[PDB]
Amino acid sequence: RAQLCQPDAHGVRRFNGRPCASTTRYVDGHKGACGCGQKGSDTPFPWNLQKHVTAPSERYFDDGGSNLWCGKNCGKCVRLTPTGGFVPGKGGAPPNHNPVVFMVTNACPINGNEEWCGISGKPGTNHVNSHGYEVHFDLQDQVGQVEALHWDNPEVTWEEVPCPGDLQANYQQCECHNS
């Protein structure tokens, strides 16, 4: 069993009573679904390609909704802590379990991402993806910021946390701030 989070009675994978999430990495160069780039143009701000930012699965992104622009959870931060687990054939165990904080700046839509982001309700409603996780975080890797962590799709526990000051200040430039 490479996945260390065990399903509960409802099928939701947990680790010592904390919910788990799956993770992947992505590179696409788009401004993204929280508007973190110049208005009207598909150009991200450089920090939104460089920093620890994420595209969560759609129903978390919009807190149960289906909006893919200025989702309800744009600008939230999440702390992801590796468990040591991974989905066999689709990841590996990381070299350490240091936790990393990421800011939500984009979305992973169900459409075209069914395996990982195809979750039909928000966290707390017992809906899971095809690997048993209630939420998925796709991690921006344009400049190798995830490669530098040596994260290959690790299984993590997840929690919402207050954003660090530099990420808060970055988010204030995004079009979806105060939308």
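Just count from 1 along the sequence shown to find any residue number.
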| request: Taking the mean of the C-alpha B-factors per stretch from the entry, tell me the winner out of 142-150 and 32-40. | output: 142-150
| remark: Mean B factor on CA atoms, stretches 2-10 and 170-178, record says higher is 2-10
| remark: Among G92, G71, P82, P109, the highest C-alpha B-factor in the PDB entry belongs to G92
| query | Is the Cα B-factor recorded for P56 in the lowest, middle or highest third of its chain? | reply | lowest
| request: Would you mind checking where the Cα B-factor of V135 ranks among the modelled residues of its chain, as the lowest, middle or highest third? | output: lowest
| message | Taking only the Cα B-factors deposited for this chain, tell me whether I119 sits in the lowest, middle or highest third. | response | middle
| message | Taking only the Cα B-factors deposited for this chain, tell me whether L49 sits in the lowest, middle or highest third. | response | lowest
